[PDB]
>>> print(open('structure_38.cif').read())   # mmCIF, C-alpha atoms and all ligand atoms
data_query
loop_
_atom_site.label_atom_id
_atom_site.label_comp_id
_atom_site.auth_asym_id
_atom_site.auth_seq_id
_atom_site.Cartn_x
_atom_site.Cartn_y
_atom_site.Cartn_z
CA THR L 700 157.76 161.23 80.45
CA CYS L 701 155.20 163.01 78.30
CA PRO L 702 156.49 163.71 74.73
CA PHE L 703 156.61 167.31 73.41
CA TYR L 704 154.05 166.64 70.64
CA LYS L 705 151.32 165.93 73.26
CA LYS L 706 151.81 169.33 74.92
CA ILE L 707 150.07 172.55 73.80
CA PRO L 708 152.47 175.51 74.28
CA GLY L 709 151.24 178.58 76.19
CA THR L 710 148.53 176.60 77.96
CA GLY L 711 148.22 174.12 80.80
CA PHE L 712 146.91 171.55 78.30
CA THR L 713 147.89 168.07 77.08
CA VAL L 714 146.21 165.94 74.38
CA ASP L 715 145.90 162.10 74.65
CA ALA L 716 148.46 162.02 77.51
CA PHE L 717 147.05 159.71 80.24
CA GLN L 718 149.90 157.10 80.51
CA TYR L 719 152.66 159.33 82.00
CA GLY L 720 151.34 159.79 85.56
CA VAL L 721 150.81 163.38 86.73
CA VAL L 722 152.20 165.65 84.01
CA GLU L 723 153.97 168.66 85.53
CA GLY L 724 151.99 171.83 84.87
CA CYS L 725 148.92 170.16 83.29
CA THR L 726 145.65 171.78 84.46
CA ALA L 727 143.37 170.02 81.91
CA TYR L 728 143.70 166.74 79.97
CA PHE L 729 142.01 166.55 76.53
CA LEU L 730 140.98 163.18 75.02
CA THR L 731 140.33 163.23 71.23
CA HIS L 732 138.64 159.78 70.99
CA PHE L 733 138.02 156.45 72.76
CA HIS L 734 140.80 154.28 71.23
CA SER L 735 143.15 152.49 73.64
CA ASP L 736 146.47 153.96 72.36
CA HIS L 737 144.97 157.39 73.22
CA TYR L 738 143.09 156.70 76.50
CA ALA L 739 145.77 154.37 77.96
CA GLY L 740 145.94 155.22 81.71
CA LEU L 741 142.37 156.46 82.49
CA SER L 742 140.34 154.67 85.26
CA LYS L 743 137.88 155.29 88.19
CA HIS L 744 140.88 156.69 90.15
CA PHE L 745 141.66 159.55 87.73
CA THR L 746 140.93 162.89 89.53
CA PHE L 747 141.95 165.63 87.05
CA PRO L 748 139.48 167.34 84.63
CA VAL L 749 139.06 165.48 81.31
CA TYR L 750 137.71 167.41 78.32
CA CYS L 751 136.13 165.46 75.45
CA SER L 752 133.00 165.00 73.28
CA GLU L 753 129.63 163.81 74.74
CA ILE L 754 130.09 160.33 73.16
CA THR L 755 133.62 159.99 74.52
CA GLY L 756 132.30 161.05 77.97
CA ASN L 757 129.60 158.30 77.85
CA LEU L 758 132.33 155.71 77.18
CA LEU L 759 134.57 157.06 79.98
CA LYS L 760 131.68 156.88 82.51
CA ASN L 761 130.34 153.45 81.53
CA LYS L 762 133.32 151.46 80.19
CA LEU L 763 136.26 152.86 82.25
CA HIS L 764 134.13 153.98 85.27
CA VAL L 765 135.60 157.48 85.41
CA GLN L 766 133.68 159.52 88.00
CA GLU L 767 131.14 161.96 86.57
CA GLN L 768 132.53 164.97 88.51
CA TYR L 769 135.78 164.88 86.41
CA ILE L 770 134.19 164.37 82.96
CA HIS L 771 133.70 167.65 81.05
CA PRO L 772 131.82 167.01 77.79
CA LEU L 773 131.73 169.86 75.26
CA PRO L 774 129.31 170.36 72.36
CA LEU L 775 130.71 170.33 68.81
CA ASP L 776 131.03 173.41 66.62
CA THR L 777 130.70 175.72 69.66
CA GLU L 778 133.20 178.27 71.09
CA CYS L 779 133.89 177.25 74.75
CA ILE L 780 136.20 178.73 77.44
CA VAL L 781 138.43 176.23 79.31
CA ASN L 782 140.79 177.56 82.05
CA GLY L 783 140.75 180.98 80.39
CA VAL L 784 141.43 179.75 76.81
CA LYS L 785 138.91 179.61 73.89
CA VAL L 786 138.55 176.09 72.35
CA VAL L 787 136.33 174.45 69.71
CA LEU L 788 135.74 170.74 69.05
CA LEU L 789 135.22 169.68 65.43
CA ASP L 790 134.13 166.32 63.97
CA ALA L 791 137.26 164.29 62.98
CA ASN L 792 135.49 161.81 60.59
CA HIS L 793 137.26 158.98 62.51
CA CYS L 794 135.24 156.74 64.96
CA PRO L 795 132.10 157.80 66.90
CA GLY L 796 132.84 160.74 69.24
CA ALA L 797 136.25 161.54 67.69
CA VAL L 798 137.17 165.20 67.50
CA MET L 799 139.78 167.70 66.28
CA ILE L 800 140.58 170.57 68.73
CA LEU L 801 141.12 174.26 67.87
CA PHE L 802 143.01 176.27 70.53
CA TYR L 803 143.03 180.08 70.41
CA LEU L 804 146.10 181.04 72.48
CA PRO L 805 146.08 184.24 74.56
CA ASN L 806 148.96 185.63 72.44
CA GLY L 807 146.98 185.31 69.09
CA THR L 808 148.48 181.98 67.95
CA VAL L 809 145.91 179.43 66.66
CA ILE L 810 146.62 175.67 66.91
CA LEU L 811 144.67 172.82 65.32
CA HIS L 812 145.18 169.29 66.73
CA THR L 813 143.54 166.78 64.35
CA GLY L 814 143.56 163.82 66.80
CA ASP L 815 143.04 160.81 64.54
CA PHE L 816 141.11 161.90 61.37
CA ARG L 817 140.08 161.06 57.83
CA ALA L 818 140.39 164.37 55.99
CA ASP L 819 137.37 165.35 53.84
CA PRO L 820 136.46 168.44 51.70
CA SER L 821 133.47 168.97 54.04
CA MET L 822 136.01 170.16 56.68
CA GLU L 823 136.78 173.18 54.41
CA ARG L 824 133.29 174.52 55.46
CA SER L 825 133.45 174.02 59.23
CA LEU L 826 134.54 176.84 61.61
CA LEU L 827 138.07 176.31 60.04
CA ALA L 828 136.78 178.08 56.88
CA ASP L 829 138.54 181.44 57.13
CA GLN L 830 140.57 180.69 60.22
CA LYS L 831 144.30 181.25 60.08
CA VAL L 832 146.11 178.30 61.75
CA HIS L 833 149.74 178.78 62.82
CA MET L 834 150.52 175.23 64.06
CA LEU L 835 148.99 171.90 62.92
CA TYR L 836 149.43 168.72 65.04
CA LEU L 837 148.77 166.21 62.24
CA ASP L 838 147.61 162.55 62.09
CA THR L 839 150.29 161.32 59.66
CA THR L 840 149.36 157.55 59.82
CA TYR L 841 149.35 157.15 55.99
CA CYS L 842 151.75 159.98 54.97
CA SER L 843 153.26 158.32 51.87
CA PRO L 844 151.91 158.14 48.28
CA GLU L 845 151.69 154.30 48.23
CA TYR L 846 148.76 154.60 50.65
CA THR L 847 145.69 154.65 48.41
CA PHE L 848 142.30 153.21 49.25
CA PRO L 849 138.68 153.59 48.07
CA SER L 850 135.97 155.80 49.53
CA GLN L 851 134.05 154.37 52.49
CA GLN L 852 130.89 154.49 50.26
CA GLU L 853 132.53 152.21 47.58
CA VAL L 854 133.68 149.71 50.24
CA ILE L 855 130.18 149.54 51.84
CA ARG L 856 128.60 149.04 48.39
CA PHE L 857 130.91 146.06 47.85
CA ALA L 858 130.10 144.59 51.29
CA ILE L 859 126.29 144.96 50.94
CA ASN L 860 126.22 143.48 47.43
CA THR L 861 128.53 140.56 48.44
CA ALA L 862 126.51 139.64 51.56
CA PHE L 863 123.11 140.00 49.85
CA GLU L 864 124.20 137.77 46.95
CA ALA L 865 125.63 135.06 49.22
CA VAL L 866 122.62 134.81 51.58
CA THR L 867 120.05 135.01 48.71
CA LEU L 868 121.88 132.09 47.03
CA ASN L 869 122.12 130.20 50.39
CA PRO L 870 119.52 131.24 53.07
CA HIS L 871 121.41 128.99 55.53
CA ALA L 872 124.62 131.12 55.32
CA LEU L 873 125.71 133.12 58.42
CA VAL L 874 127.50 136.48 58.04
CA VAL L 875 130.25 137.33 60.55
CA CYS L 876 132.05 140.70 61.02
CA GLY L 877 135.23 141.25 63.07
CA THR L 878 135.76 144.13 65.52
CA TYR L 879 138.33 145.17 68.20
CA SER L 880 137.45 148.76 69.00
CA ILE L 881 134.81 151.35 68.25
CA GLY L 882 134.73 152.61 64.65
CA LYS L 883 133.67 151.06 61.33
CA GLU L 884 130.12 150.34 62.61
CA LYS L 885 128.69 151.08 59.10
CA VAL L 886 130.16 147.77 57.85
CA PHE L 887 128.02 145.53 60.06
CA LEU L 888 125.00 147.91 60.23
CA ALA L 889 124.73 148.20 56.42
CA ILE L 890 124.98 144.41 55.93
CA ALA L 891 122.28 143.69 58.61
CA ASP L 892 120.01 146.33 57.02
CA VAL L 893 120.17 144.71 53.52
CA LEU L 894 119.49 141.26 55.07
CA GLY L 895 116.56 142.38 57.31
CA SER L 896 118.34 141.21 60.46
CA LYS L 897 119.57 142.71 63.71
CA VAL L 898 123.30 142.41 64.50
CA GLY L 899 124.02 139.89 67.31
CA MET L 900 126.94 140.42 69.71
CA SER L 901 128.35 139.95 73.24
CA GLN L 902 126.90 141.87 76.22
CA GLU L 903 130.18 143.84 76.48
CA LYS L 904 130.09 144.97 72.81
CA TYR L 905 126.31 145.77 73.09
CA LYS L 906 127.13 148.00 76.13
CA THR L 907 129.79 149.86 74.12
CA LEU L 908 127.44 150.49 71.20
CA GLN L 909 124.67 151.76 73.54
CA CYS L 910 127.07 154.65 74.56
CA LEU L 911 127.37 156.06 70.96
CA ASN L 912 124.12 158.12 70.32
CA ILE L 913 123.44 156.25 67.03
CA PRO L 914 119.79 156.94 65.94
CA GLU L 915 117.34 154.01 66.29
CA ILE L 916 120.12 151.70 67.62
CA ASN L 917 117.67 149.54 69.66
CA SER L 918 116.15 148.65 66.24
CA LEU L 919 119.54 147.45 64.83
CA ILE L 920 121.52 145.50 67.50
CA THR L 921 120.85 142.63 69.96
CA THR L 922 122.42 140.19 72.47
CA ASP L 923 120.03 137.43 71.27
CA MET L 924 122.42 135.56 68.93
CA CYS L 925 119.71 133.01 67.94
CA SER L 926 117.52 135.76 66.40
CA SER L 927 120.35 137.27 64.25
CA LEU L 928 122.06 136.11 60.99
CA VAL L 929 124.77 138.80 61.26
CA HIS L 930 127.14 138.15 64.20
CA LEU L 931 130.00 140.27 65.57
CA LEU L 932 133.12 138.61 66.93
CA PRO L 933 136.55 139.80 68.12
CA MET L 934 138.92 140.40 65.20
CA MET L 935 141.27 137.69 66.55
CA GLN L 936 138.58 135.03 65.94
CA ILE L 937 138.21 135.91 62.20
CA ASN L 938 140.27 132.95 60.91
CA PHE L 939 139.39 129.42 59.66
CA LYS L 940 139.81 127.75 63.10
CA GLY L 941 137.89 130.42 65.01
CA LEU L 942 135.02 130.51 62.53
CA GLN L 943 134.75 126.66 62.38
CA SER L 944 134.43 126.75 66.18
CA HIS L 945 131.74 129.44 66.04
CA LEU L 946 129.72 127.51 63.41
CA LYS L 947 129.68 124.48 65.74
CA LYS L 948 128.03 126.60 68.47
CA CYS L 949 125.11 127.66 66.20
CA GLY L 950 123.38 124.26 66.52
CA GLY L 951 122.96 123.31 62.85
CA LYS L 952 121.08 126.52 61.97
CA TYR L 953 123.79 127.38 59.38
CA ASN L 954 125.98 125.43 56.89
CA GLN L 955 128.24 128.25 55.52
CA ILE L 956 130.08 131.37 56.88
CA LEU L 957 130.82 134.53 54.94
CA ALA L 958 133.14 136.69 57.11
CA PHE L 959 134.49 140.28 56.80
CA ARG L 960 137.78 141.73 58.25
CA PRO L 961 137.64 145.56 57.95
CA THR L 962 141.36 146.35 57.97
CA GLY L 963 143.00 149.65 57.08
CA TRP L 964 145.45 149.68 54.19
CA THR L 965 147.13 146.39 53.21
CA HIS L 966 149.73 145.71 50.46
CA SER L 967 147.04 144.32 48.07
CA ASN L 968 145.75 147.98 47.66
CA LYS L 969 148.87 148.61 45.51
CA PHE L 970 147.67 145.93 43.01
CA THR L 971 143.89 145.41 43.19
CA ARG L 972 140.70 147.52 42.83
CA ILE L 973 137.76 147.04 45.25
CA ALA L 974 135.51 145.55 42.53
CA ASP L 975 138.12 142.81 41.89
CA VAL L 976 138.59 141.75 45.59
CA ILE L 977 138.29 138.01 46.32
CA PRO L 978 138.15 135.98 49.57
CA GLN L 979 140.35 133.33 51.13
CA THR L 980 138.27 130.12 51.22
CA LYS L 981 138.51 126.74 53.00
CA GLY L 982 135.53 124.38 52.71
CA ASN L 983 132.30 126.17 53.70
CA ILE L 984 134.07 129.32 55.07
CA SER L 985 135.15 132.44 53.12
CA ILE L 986 136.94 135.53 54.56
CA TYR L 987 137.05 138.94 52.84
CA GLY L 988 139.57 141.61 53.86
CA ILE L 989 138.02 144.97 52.96
CA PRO L 990 140.00 148.29 53.09
CA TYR L 991 137.60 150.34 55.21
CA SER L 992 139.85 153.20 56.50
CA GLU L 993 139.08 155.76 59.24
CA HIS L 994 142.39 157.59 58.52
CA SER L 995 143.27 159.97 55.62
CA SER L 996 144.71 158.55 52.43
CA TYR L 997 147.92 160.34 51.29
CA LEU L 998 145.93 162.38 48.71
CA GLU L 999 143.17 163.34 51.26
CA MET L 1000 145.84 164.47 53.78
CA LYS L 1001 147.71 166.47 51.11
CA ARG L 1002 144.53 168.28 49.97
CA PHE L 1003 143.59 169.23 53.56
CA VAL L 1004 147.03 170.62 54.44
CA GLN L 1005 147.40 172.54 51.12
CA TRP L 1006 143.95 174.10 51.73
CA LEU L 1007 144.70 175.01 55.40
CA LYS L 1008 148.24 176.43 54.71
CA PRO L 1009 149.65 176.02 58.24
CA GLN L 1010 152.90 177.82 59.15
CA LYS L 1011 154.34 174.78 61.05
CA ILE L 1012 153.40 171.05 61.02
CA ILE L 1013 154.06 168.73 63.99
CA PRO L 1014 153.45 165.03 63.09
CA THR L 1015 151.80 162.84 65.80
CA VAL L 1016 152.20 159.40 64.09
CA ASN L 1017 155.29 157.55 62.73
CA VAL L 1018 157.52 159.81 64.86
CA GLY L 1019 159.77 157.05 66.23
CA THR L 1020 162.24 156.56 63.34
CA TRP L 1021 164.57 159.02 61.59
CA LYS L 1022 163.66 157.53 58.18
CA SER L 1023 159.91 158.17 58.80
CA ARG L 1024 160.50 161.68 60.17
CA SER L 1025 162.75 162.61 57.17
CA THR L 1026 160.21 161.20 54.64
CA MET L 1027 157.30 163.18 56.19
CA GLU L 1028 159.34 166.44 56.32
CA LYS L 1029 160.20 166.04 52.58
CA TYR L 1030 156.46 165.71 51.70
CA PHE L 1031 155.47 168.72 53.80
CA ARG L 1032 158.06 170.85 51.88
CA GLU L 1033 156.85 169.51 48.53
CA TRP L 1034 153.26 170.43 49.46
CA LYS L 1035 154.24 173.97 50.52
CA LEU L 1036 156.28 174.63 47.31
CA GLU L 1037 153.54 173.28 45.00
CA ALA L 1038 150.78 175.37 46.67
CA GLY L 1039 152.91 178.53 47.26
CA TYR L 1040 152.53 179.10 51.05
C1 LIG O 1101 141.35 178.46 53.59
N1 LIG O 1101 142.04 179.21 54.67
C2 LIG O 1101 143.53 179.19 54.51
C3 LIG O 1101 144.17 179.85 55.70
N2 LIG O 1101 143.68 181.23 55.89
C4 LIG O 1101 144.57 182.23 56.09
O1 LIG O 1101 145.78 182.02 56.04
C5 LIG O 1101 144.11 183.63 56.37
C6 LIG O 1101 144.74 184.70 55.70
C7 LIG O 1101 144.38 186.01 55.92
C8 LIG O 1101 143.37 186.29 56.85
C9 LIG O 1101 142.75 187.49 57.32
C10 LIG O 1101 141.82 187.12 58.24
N3 LIG O 1101 141.81 185.76 58.38
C11 LIG O 1101 142.76 185.22 57.54
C12 LIG O 1101 143.12 183.89 57.32
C13 LIG O 1101 142.22 181.33 55.89
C14 LIG O 1101 141.59 180.63 54.72
NI NI O 1102 142.20 156.08 66.53
#
>>> encode(input="structure_38.cif", output="structure tokens")
Amino acid sequence: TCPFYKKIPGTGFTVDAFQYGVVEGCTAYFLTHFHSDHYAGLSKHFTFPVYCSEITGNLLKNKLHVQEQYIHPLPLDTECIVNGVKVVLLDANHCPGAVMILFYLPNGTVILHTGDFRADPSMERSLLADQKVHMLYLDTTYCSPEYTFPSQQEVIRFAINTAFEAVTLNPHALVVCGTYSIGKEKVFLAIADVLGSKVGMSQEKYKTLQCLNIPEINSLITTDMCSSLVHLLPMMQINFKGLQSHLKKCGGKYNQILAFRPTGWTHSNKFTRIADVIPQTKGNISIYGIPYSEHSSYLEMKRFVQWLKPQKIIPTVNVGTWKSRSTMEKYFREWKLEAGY
């Protein structure tokens, strides 16, 4: 059964609701982004209209084999009419193709669904600018003040400088970056760029990246592993055993591995600054966990909501426990009282 927080009232619409069979009364299914918790259920056999961004539509067609006749891509920042209701897609600052959705209900109510997002001040100058929003369906992933992390720019600076130092000291070092979904591409692209290398990867991962409309991508990625000194592997292989195994396969080209795991928040954010981060090392392998987030920090989320001043907030993450729900509700009230809405 489809949960209430995936339904848009006064419409025939659901958001990220593909794992519940045929949802009674749903005339159009929206998909915010191509992450598996959100697309779970879509396949070549899906025969209802799916509304999404162009990038998301490319991934549906080529990775899930959804038939073209049911994929309805919409341009960003453009008023569109869907089944008699005005909608707008906005960039979510999450992974490639991820959007927020504005719904203008026939009765005058305005609803913003953030999908997954990393709130940014730049959103305060989109089409949201002087738009009254009555209901906000909010990505509350990190809705607690302990969740701090650096800017994406600071984390990339650390990664570039770390990789460049290591490989300039040892030209026979290989760099490895973990991945398990789309998103966080800047990590491996920025490192390859500083090293003057293409990024080497599996055919399956290459296929995925070719769907993302990234400028000059043919110049940056390859399936020829032998030509590359930056390799991408599944996140599950980024451990001492898995990396030792990989090094064996490279045929004595390399004698050291520097590897990166781009996590979200971890407990070491409560203690350490990005400049001070150190790896776990065993012999000729080192592994850095770097806090590259594609979700709002607590402070970023707070600033967005206090700027927007919604009348009602509906959380879409951490909704399964009474303790989480009570904690989030207490922060929303704090934010409202501080800002005066
Ligand atoms: C930053 N943002 C906050 C929310 N917001 C309103 O609540 C609002 C109030 C009054 C009018 C009158 C026309 N449009 C309006 C929008 C728009 C500005
Ligand atoms: Ni996501």
>>> atom_distance(input="structure_38.cif", atom1="atom CA of residue 1015 of chain L", atom2="atom CA of residue 736 of chain L")
12.3 Å
>>> residues_near_ligand(input="structure_38.cif", ligand="ligand LIG 1101 (chain O)", cutoff="9 Å", atoms="all atoms listed in the file", output="PyMOL selection string")
chain L and resi 823+827-833+1005-1010+1040
>>> residues_near_ligand(input="structure_38.cif", ligand="ligand NI 1102 (chain O)", cutoff="10 Å", atoms="only C-alpha atoms and all ligand atoms", output="list in words")
residues 731, 732, 733, 734, 735, 736, 737, 793, 794, 797, 814, 815, 816, 838, 840, 880, 881, 882, 993 and 994 of chain L
>>> atom_distance(input="structure_38.cif", atom1="atom CA of residue 991 of chain L", atom2="atom CA of residue 852 of chain L")
9.3 Å
>>> closest_residue(input="structure_38.cif", among="L:990, L:888, L:954, L:843", to="residue 914 of chain L", atoms="all atoms listed in the file")
L:888
>>> closest_atom_pairs(input="structure_38.cif", of="segment 799-864 of chain L", to="segment 973-976 of chain L", cutoff="8 Å", atoms="all atoms listed in the file", output="JSON lines")
{"residue": "L:849", "atom": "CA", "partner": "L:973", "partner_atom": "CA", "distance": 7.2}
{"residue": "L:853", "atom": "CA", "partner": "L:973", "partner_atom": "CA", "distance": 7.7}
{"residue": "L:854", "atom": "CA", "partner": "L:973", "partner_atom": "CA", "distance": 7.0}
{"residue": "L:857", "atom": "CA", "partner": "L:974", "partner_atom": "CA", "distance": 7.1}
>>> residues_around(input="structure_38.cif", residues="residue 717 of chain L", least_positions_apart="3", cutoff="8 Å", atoms="all atoms listed in the file", output="ChimeraX atom specification")
/L:720,728,737-741
>>> write_last_selection(input="structure_38.cif", atoms="C-alpha atoms", output="PDB file, keeping the file's coordinate frame")
ATOM      1  CA  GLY L 720     151.340 159.790  85.560  1.00  0.00           C
ATOM      2  CA  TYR L 728     143.700 166.740  79.970  1.00  0.00           C
ATOM      3  CA  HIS L 737     144.970 157.390  73.220  1.00  0.00           C
ATOM      4  CA  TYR L 738     143.090 156.700  76.500  1.00  0.00           C
ATOM      5  CA  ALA L 739     145.770 154.370  77.960  1.00  0.00           C
ATOM      6  CA  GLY L 740     145.940 155.220  81.710  1.00  0.00           C
ATOM      7  CA  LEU L 741     142.370 156.460  82.490  1.00  0.00           C
TER       8      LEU L 741
END
>>> atom_distance(input="structure_38.cif", atom1="atom CA of residue 834 of chain L", atom2="atom CA of residue 1021 of chain L")
21.6 Å
>>> residues_around(input="structure_38.cif", residues="residue 1014 of chain L", least_positions_apart="5", cutoff="6 Å", atoms="only C-alpha atoms", output="VMD selection string")
chain L and resid 836 to 837 839
>>> closest_residue(input="structure_38.cif", among="L:704, L:822, L:907, L:789", to="residue 758 of chain L", atoms="all atoms listed in the file")
L:907
>>> residues_around(input="structure_38.cif", residues="residue 755 of chain L", least_positions_apart="2", cutoff="10 Å", atoms="only C-alpha atoms", output="MDAnalysis selection string")
chainID L and resid 730:734 750:753 757:760 770 772 795:798 910:911
>>> residues_around(input="structure_38.cif", residues="residue 929 of chain L", least_positions_apart="6", cutoff="9 Å", atoms="only C-alpha atoms", output="PyMOL selection string")
chain L and resi 873-876+887+890-891+894+896-900
>>> closest_residue(input="structure_38.cif", among="L:983, L:947, L:842, L:808", to="residue 1024 of chain L", atoms="all atoms listed in the file")
L:842
>>> closest_residue(input="structure_38.cif", among="L:813, L:782, L:938, L:912", to="residue 705 of chain L", atoms="only C-alpha atoms")
L:813
>>> residues_around(input="structure_38.cif", residues="residue 711 of chain L", least_positions_apart="6", cutoff="10 Å", atoms="only C-alpha atoms", output="list in words")
residues 722, 723, 724, 725, 726, 727, 728, 782 and 784 of chain L
>>> closest_residue(input="structure_38.cif", among="L:810, L:744, L:981, L:790", to="residue 706 of chain L", atoms="all atoms listed in the file")
L:810
>>> closest_residue(input="structure_38.cif", among="L:756, L:805, L:702, L:844", to="residue 1026 of chain L", atoms="all atoms listed in the file")
L:844
